[PDB]
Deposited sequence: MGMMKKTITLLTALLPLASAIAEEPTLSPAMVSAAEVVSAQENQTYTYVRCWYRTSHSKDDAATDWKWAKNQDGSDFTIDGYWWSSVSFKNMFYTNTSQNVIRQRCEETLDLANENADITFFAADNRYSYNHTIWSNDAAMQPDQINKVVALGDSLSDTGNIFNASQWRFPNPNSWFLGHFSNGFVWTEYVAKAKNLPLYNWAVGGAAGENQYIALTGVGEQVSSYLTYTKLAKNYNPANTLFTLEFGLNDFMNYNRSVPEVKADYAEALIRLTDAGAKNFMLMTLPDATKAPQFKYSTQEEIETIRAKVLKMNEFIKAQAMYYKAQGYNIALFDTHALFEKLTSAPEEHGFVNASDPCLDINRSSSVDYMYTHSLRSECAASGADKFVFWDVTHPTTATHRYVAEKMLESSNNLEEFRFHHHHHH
């Protein structure tokens, strides 16, 4: 994907950069607003990281571990907030965009999972559209720093439970994301992953836990046929396994037609999408069995079955409401992502942790956490994966 000569030249172009530490300003997850500070050392001097830049979206590659960078942000911010939900990025100055930091692995690494790589849509996106929108979409007062929720997504909860770095290629389409970036498809995501990892040092793909949730963007936003979505899903698994991937967290798709935005869709539109989701889920199960029979490490979670339980009896799963958004949005219009919204009366009363949905499409961070924990329980804190 990148010649060996190009890799050497890039890796030898050594420099330094600074770290932007982001945090939730409120102690409540009802408030999505965030702010940032530069990372500092204990003596008050600026914290810097050594490494090299590369772009095919600039990634900064450093020898400094994600834990060390995280620790510097925690100490700099010195918040007594359990909901601080700290994230960090590389940045040369005040004008810089939020650049992902890749921590290079050691040459003598043990045979165990040491990072999470995510592929998918808005259900896994951690801010891929936010630099492209000049930090204006989704509005950072009502959506958590480029996440289409009031906090972390399921992949971040999974990565945190295992104390692992998470590197994200996921980006959706239900919020008008394609008015900001092109190349959002799963094949474009796998291509981008393959290109950027050639620049990494001592990269062993066998030590990566891959997460993949794909198909809802295609069925909801692009009216794509079931065979073309099945073919793209099979193609992603073929390309990843041929490039050394051994470990996957696969999942069935929740019935997206249960989301508040479908209150404003016709019955014909709803039945079309629902039928496509059901056919796709049978194919996802067949694909998981196919790779499991070949000796790959596959964890399959039935998110569809869990979501049916959650929406039919929310009171049995820690929720008061599964039909309305927490935010006071009572229509389906992508322009609403540009504005600040108040919480509806019922959600302000119960708290955002008691609602399944945050906006007309996306789940709350409590729903993301519930799914992530059910996943770890199902797989016995991921038993067929070596940690």
Q: Just jot down which stretches of the deposited chain sequence have no CA coordinates, in the order they come.
A: 1 to 30, 87 to 89, 421 to 426
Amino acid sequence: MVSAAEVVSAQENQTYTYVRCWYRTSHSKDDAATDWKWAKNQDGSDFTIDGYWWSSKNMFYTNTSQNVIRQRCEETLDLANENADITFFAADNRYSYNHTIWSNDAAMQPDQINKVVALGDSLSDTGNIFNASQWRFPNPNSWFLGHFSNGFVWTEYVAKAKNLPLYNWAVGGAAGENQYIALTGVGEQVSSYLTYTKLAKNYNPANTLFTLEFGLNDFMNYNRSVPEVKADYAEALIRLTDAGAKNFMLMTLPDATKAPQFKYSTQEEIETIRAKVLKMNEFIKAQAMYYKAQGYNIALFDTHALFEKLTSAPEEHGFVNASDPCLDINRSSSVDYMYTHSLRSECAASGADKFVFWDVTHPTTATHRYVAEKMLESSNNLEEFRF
From here on, numbers count along this sequence of modelled residues.
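Throughout, rigid core stands for the largest set of C-alpha atoms superposing within 1.5 Å between the two forms.
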Q) Fitting on the core, do the C-alphas of 250 to 258 or of 220 to 228 deviate more in 4 other deposited structures of this protein? A) 220 to 228
Q.
Stretch 111 to 119 versus stretch 125 to 133: after rigid core alignment, which one is farther off in C-alpha RMS in 4 other deposited structures of this protein?
A. 125 to 133
**Q.** Of 177 to 185 and 235 to 243, the one with larger mean CA B-factor
**A.** 177 to 185
Q: Select between 129 to 137 and 73 to 81 the stretch whose C-alpha atoms have the higher average B-factor in the entry.
A: 73 to 81
Q | Top Cα B factor in the deposited entry, candidates 291, 248, 95, 167 | A | 95
Q. Highest Cα B-factor in the PDB entry belongs to which of 120, 110, 146, 151?
A. 110
Q. Among the chain's modelled residues, which third holds the C-alpha B-factor of residue 156?
A. lowest
Q. When the modelled residues of the chain are sorted by Cα temperature factor, does residue 16 land in the lowest, middle or highest third?
A. highest
Q: Report the third (lowest, middle or highest) to which the CA temperature factor of residue 63 belongs, ranking only the modelled residues of the same chain.
A: middle
Q) Going by what the PDB entry lists, where does residue 55 fall on CA B-factor within its chain: lowest, middle or highest third? A) highest
Q) If you rank the chain by CA B-factor, which third does residue 379 end up in: lowest, middle or highest? A) highest
